[PDB]
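Visitor: model the following, please.
(chains A and B, ligands or ions: 2)
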2 protein chains.
Amino acid sequence: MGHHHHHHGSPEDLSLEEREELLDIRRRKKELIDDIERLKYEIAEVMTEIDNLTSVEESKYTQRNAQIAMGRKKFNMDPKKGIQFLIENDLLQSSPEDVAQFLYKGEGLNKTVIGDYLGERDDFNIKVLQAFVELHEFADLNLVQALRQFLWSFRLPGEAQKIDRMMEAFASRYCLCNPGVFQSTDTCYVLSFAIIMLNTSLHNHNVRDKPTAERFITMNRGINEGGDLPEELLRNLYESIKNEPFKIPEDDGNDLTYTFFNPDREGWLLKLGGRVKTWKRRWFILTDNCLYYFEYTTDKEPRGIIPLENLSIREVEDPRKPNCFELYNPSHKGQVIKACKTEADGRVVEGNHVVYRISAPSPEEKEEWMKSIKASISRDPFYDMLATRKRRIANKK
Amino acid sequence: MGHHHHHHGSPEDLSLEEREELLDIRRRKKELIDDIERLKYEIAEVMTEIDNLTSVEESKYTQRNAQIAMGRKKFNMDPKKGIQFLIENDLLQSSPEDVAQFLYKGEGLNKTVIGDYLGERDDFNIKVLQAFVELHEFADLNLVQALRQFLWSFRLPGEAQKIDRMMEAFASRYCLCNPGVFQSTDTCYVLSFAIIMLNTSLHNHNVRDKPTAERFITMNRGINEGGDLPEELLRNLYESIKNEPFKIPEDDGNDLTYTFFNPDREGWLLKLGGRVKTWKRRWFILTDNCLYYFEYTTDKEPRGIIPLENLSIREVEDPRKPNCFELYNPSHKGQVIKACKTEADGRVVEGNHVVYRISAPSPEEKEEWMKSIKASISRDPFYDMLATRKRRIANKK
Ligand SMILES: O=P(O)(O)O[C@H]1[C@H](O)[C@@H](OP(=O)(O)O)[C@H](OP(=O)(O)O)[C@@H](OP(=O)(O)O)[C@H]1O
Ligand SMILES: O=P(O)(O)O[C@H]1[C@H](O)[C@@H](OP(=O)(O)O)[C@H](OP(=O)(O)O)[C@@H](OP(=O)(O)O)[C@H]1O
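Guide: Numbering: from 1, shown residues only, chains lettered A, B, ... in the order given. Ligands and ions are numbered 1, 2, ... in the order given. Sure, the structure comes next:
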């Protein structure tokens, strides 16, 4: 420090000295706080000693640990029964909030089972799901950041209805934590699945079309209840996913986040006739789990419509045409597939196909079509869920 | 030895040693916290000294301190006027939140006056009460722990309506901080008063029936909107209160938490007739601030009903019967007490009593009855408040 002249008199107080004193006081306060923390720890230890009182002073094993361990295993076998066991035996309190804290901690818990339980339509489960999402702190996180945390805590159920409940809870929570970002919960929900599809698109090699940042901006046009979201916001989300894929717990490689494919496609194919086996070039549109085909790209009405429900694909070698596969019903051998087409006179009639043999222009287009068709068939209930949700997202005047 | 009344034993039955140690540790922690607060205050003073605006002063106390001191005294005289003085003179900002912070700090404030002010039905006061409970951090505290903090910050008003507002604010805050614990705010509210009655029961010597942990579990059956709360939860609450009574600020010994008696009782008594002074044994039920008496325990209809409104008790010596007291109206000497009874023919008529002389089977039963009756009369508006609240608690499925 050095000293000051001090001609003035004994009342002269020195700011530096006062500051130093203040610092010392602060240090003392910190020490006191540390002491308090230590005391708290001691108290906790005492409580532990008290609890499991009827025992031998030195016991080999831990009552609490043993009982909780068995309860967790019970939960993994049947979540309803596990929760019940833990509540009955006072290892867990009975409120939705306490159950949610148990699930969020998730120690020794199967995260798929967590997802199965949180996605149930029961009133208790609904309340646990709310408290569960409330344990996720979404304020000041972008949508991908929030999704990363949420998707670490459980594994998405397979049932479309269950996936919906959980993503609705997520979207509602995000919007409450980040007001003014999205115009509606519906916007947040649909954008969330856009992000999930992008994760699949960019990180699964079975997906050839790798969307650019500009492309992802264009795909989400009108999502904000008719309006567009800020380009900067969409870019940040795109770049986060591009940089790092969703990290999934207990990952089996089969997760929706990695295998959420676009079920829609358009393009030229040759198709073999039903009763009369002639090859025809047609413009095909795969949409709504149906294969629509047209004589010309300018036709308003399809030449035919093939519902894909209950069908599967097999590759075939054809004597004349390259890159062939067949659609067929594996349950109904030798039976006509339910479909409709238009005759030359304009009459709409039933198709006469036991199989639909299709030839693609290239091996690469063959693979694209088979992927799209398989994806469309395999996740239809889920794509239907999103489609019904997207309609309410789009607003008509 | 020998003492006059039957309520002084020896200290032999102690509590559990570990628990006592924990309590001591908690006390130490509290002391440390107080020390830290003092240090902080000192630091603030040092900062003020360092600061430029602070001149050397001829005066013992400074402008801010002097003005705030007078304002606090004004508040204690008339809370509305005190707040106004502090706001007008820029010693306190005008929002409910700032006023609530002033009240919560409570420096040099009468905590009874704090309670009077927070319990007012005015719109501003209602908003201050909300902000006041928001300054209490109830997350991860059990209901007793939260009650201890809340009941340190102010003294409960005497008006039933005011008590209701404050306990409603408390219960709502607790449930928001601890979601899923109680099924309703009503559950939290009624359980809170169960805890308060237990405090009186276990810690006031005028109360002979000391409920066990099992007893307290049984008393709260169906409280959770028809359902039962977890036995472990109720045990923790019971043991906390048993171990340590509610610590009340500026304690005069007259606080509700110490003098919240059960106003209800049943049992055998002899009663002296009205016009014709014959002694009859009757089964008595004290409920709803009324004394109902029956010829037989199996009777559906009472022999008579004595409203206790406006009555008081005096002990008397009787020539024939032991352990006697009289109910009488001190305002209406020599006048018949409003009551009803049934004649032998079944006609319901008015009673002819100037006084009701009652004889109890033992001195101990006499004391129990007089306590119950006095308690019932003295706090009727409040018991009525709880009763109307408990009805909405009991719901049908
Ligand atoms: O045009 P020609 O050479 O006469 O042969 C037709 C076309 O291949 C039709 O295809 P498209 O409808 O695309 O024109 C086909 O109908 P499908 O669409 O049902 O395959 C007819 O099947 P049958 O009606 O089953 O013979 C087949 O007779
Ligand atoms: O039975 P007997 O010996 O004839 O005397 C009766 C009983 O004592 C009654 O008590 P209870 O009603 O409990 O049977 C009492 O009524 P109260 O209930 O009003 O005390 C009558 O009072 P009067 O009616 O005031 O005389 C008194 O006449």
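
Visitor: residues from chain A in reach of ligand 1?
Guide: Residues of chain A lying near ligand 1 by C-beta under 6 Å from any ligand atom: A:273, A:274, A:275, A:276, A:278, A:280, A:282, A:303, A:304, A:341, A:351, A:352. Yep, even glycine has a C-beta here, placed from its N, CA and C like the rest.

Visitor: what helices and strands are in contact with the longest helix anywhere in chain A?
Guide: Longest helix in chain A, counting residues (DSSP state H): helix A:15-50. Judged by 3 or more C-beta pairs under 8 Å, 6 or more residues apart in numbering or on different chains; DSSP states H and E, the packing partners of helix A:15-50 are helix B:17-50.

Visitor: could you give the angle of the helix it packs on to helix A:15-50?
Guide: 170 degrees (axes from the mean of the first three to the mean of the last three C-alpha atoms, to 10 degrees).

Visitor: ok, then the element right after helix B:17-50?
Guide: Note on helix B:17-50: by DSSP states H and E, the next helix or strand toward the C-terminus is helix B:63-77.

Visitor: next, the buried residues of that following helix.
Guide: B:67, B:68, B:71, B:72, B:74, B:75 (16 or more other C-beta atoms under 10 Å in any protein chain shown).

Visitor: can you check stretch A:15-26 too?
Guide: Applying 16+ other C-beta under 10 Å to stretch A:15-26 flags A:18, A:22, A:25 as buried.

Visitor: now stretch A:209-216
Guide: For stretch A:209-216, burial by neighbour count (16+ other C-beta under 10 Å) applies to A:211, A:216.

Visitor: in three-state terms, label residue A:314 for me.
Guide: Secondary structure for residue A:314, judged by DSSP: H, G, I helix; E, B strand; the rest coil, is strand.

Visitor: helix, strand, or coil at the residue lying closest to it once chain neighbours are set aside?
Guide: Distances taken as C-beta to C-beta, 6 or more residues apart in numbering or on different chains put residue A:326 closest to residue A:314, at 5.3 Å, once the chain neighbours are dropped. Here residue A:326 is recorded as strand under three-state DSSP.

Visitor: tell me who's in contact with residue A:326.
Guide: Going by C-beta atoms under 8 Å, 6 or more residues apart in numbering or on different chains, residue A:326 touches A:313, A:314, A:315, A:316, A:355, A:356, A:357, A:358.

Visitor: what's the closest of these to residue B:108?
Guide: Residue B:108 has its nearest neighbour among the contacts of residue A:326 in residue A:313, at 83.5 Å by C-beta to C-beta.

Visitor: doesn't residue A:369 make contact with that closest one?
Guide: No - between residue A:313 and residue A:369 there is no contact under C-beta atoms under 8 Å: 9.0 Å.

Visitor: joint contacts of the two?
Guide: Listed as contacting both residue A:313 and residue A:369 by C-beta under 8 Å, 6+ apart are residue A:325.

Visitor: which one's more surrounded, the two?
Guide: Higher neighbour count among residue A:313 and residue A:369: residue A:369, with 21 against 18, using other C-beta atoms under 10 Å in any protein chain shown.

Visitor: which element is the more buried one on?
Guide: Counting by DSSP H and E, residue A:369 is found in helix A:363-378.

Visitor: list the contacts of that helix.
Guide: Looking at what lies outside helix A:363-378 - C-beta under 8 Å, 6+ apart - the contacts are A:206, A:208, A:261-265, A:267, A:269, A:286, A:289, A:291, A:308-309, A:311-313, A:315, A:322-325, A:327, A:358, A:360, A:383.

Visitor: show the buried residues in the residues you listed.
Guide: Buried, going by 16+ other C-beta under 10 Å: A:261-263, A:265, A:269, A:286, A:289, A:291, A:308, A:311, A:313, A:323-325, A:327, A:358, A:360, A:383, out of these.

Visitor: show me the residues you listed that map onto strands.
Guide: Among the buried ones among the contacts of helix A:363-378, DSSP state E puts A:265, A:269, A:286, A:291, A:313, A:324, A:325, A:327, A:358 in strands.

Visitor: just give the nearest non-adjacent residue to whichever residue of the stretch 51-200 of chain A sits closest to ligand 2, would you?
Guide: Closest to ligand 2 within the stretch 51-200 of chain A is residue A:94: 48.5 Å, counting by C-beta to the nearest ligand atom. Spatial nearest neighbour of residue A:94, excluding adjacent residues (C-beta to C-beta, 6+ apart): residue B:230 at 4.6 Å.

Visitor: what's the answer for residue A:116, then?
Guide: Leaving out its chain neighbours, the residue that sits closest to residue A:116 by C-beta to C-beta, 6+ apart is residue A:157, at 5.6 Å.

Visitor: what's the answer for residue A:240, then?
Guide: residue A:144 (4.3 Å).

Visitor: which element, helix or strand, includes the one you found?
Guide: Using DSSP H and E, residue A:144 sits in helix A:143-150.

Visitor: in that helix, what's buried?
Guide: For helix A:143-150, by 16+ other C-beta under 10 Å, it's A:143, A:144, A:146, A:147, A:148, A:150.

Visitor: and the residue nearest to residue A:385 when sequence neighbours are not counted, how far from residue A:379?
Guide: Spatial nearest neighbour of residue A:385, chain neighbours left out: residue A:160 (4.5 Å); criterion: C-beta to C-beta, 6+ apart. Using C-beta to C-beta, to the nearest Å, we find residue A:160 at a distance of 9 Å from residue A:379.

Visitor: check residue A:273 too.
Guide: Applying C-beta to C-beta, the value for residue A:273 to residue A:379 is 30 Å.

Visitor: phi and psi next, for the closest residue to residue A:395 other than its chain neighbours.
Guide: Closest residue to residue A:395 apart from its sequence neighbours, by C-beta to C-beta, 6+ apart: residue A:226 at 5.5 Å. As for residue A:226, its main-chain torsions (degrees, to the nearest 10) stand at phi 100, psi -30.

Visitor: what is the neighbour count of residue A:226?
Guide: Count around residue A:226 with other C-beta under 10 Å applied: 14.

Visitor: surely it meets residue A:393?
Guide: No - look at residue A:226 against residue A:393 with C-beta under 8 Å: they stay out of range, at 9.1 Å.

Visitor: ok, the residue nearest to residue A:240 - contacts?
Guide: So residue A:144 contacts A:195, A:236, A:237, A:240, A:241 (C-beta under 8 Å, 6+ apart).

Visitor: and residue A:394, by the same measure?
Guide: Shown in contact with residue A:394 (C-beta under 8 Å, 6+ apart): A:222, A:226.

Visitor: before we move on, what about residue A:104?
Guide: A:132, A:135, A:153.

Visitor: let's see that with 10 Å instead.
Guide: A:114, A:131, A:132, A:133, A:134, A:135, A:136, A:153, A:154 (C-beta atoms under 10 Å, 6 or more residues apart in numbering or on different chains).

Visitor: residue A:2 contacts residue A:16, correct?
Guide: Yes - using C-beta atoms under 10 Å, residue A:2 makes contact with residue A:16 at a distance of 9.3 Å.

Visitor: walk me through the domains of chain A.
Guide: A:19-49, A:63-128, A:138-243, A:265-378 (automatic domain parsing).

Visitor: how about the first one, which residues are buried there?
Guide: So the one you mean is domain A:19-49. By neighbour count with 16+ other C-beta under 10 Å, domain A:19-49 contains the buried residues A:22, A:25, A:29, A:32, A:36, A:39, A:43, A:46.

Visitor: how much space between the fourth one and residue B:31?
Guide: If I follow you right, that is residue A:32. 10 Å.

Visitor: same question for residue A:228.
Guide: Residue A:228 is 61 Å from residue B:31, by C-beta to C-beta.

Visitor: go on, residue A:135?
Guide: Residue A:135 is 35 Å from residue B:31, by C-beta to C-beta.

Visitor: coming back round to it: next, the angle helix A:143-150 makes with the very next helix or strand once past the helix holding residue A:144.
Guide: Following helix A:143-150 in sequence order, the next helix or strand is helix A:160-177 (DSSP H and E). Counting by the same axes, to 10 degrees, helix A:160-177 lies at 120 degrees to helix A:143-150.
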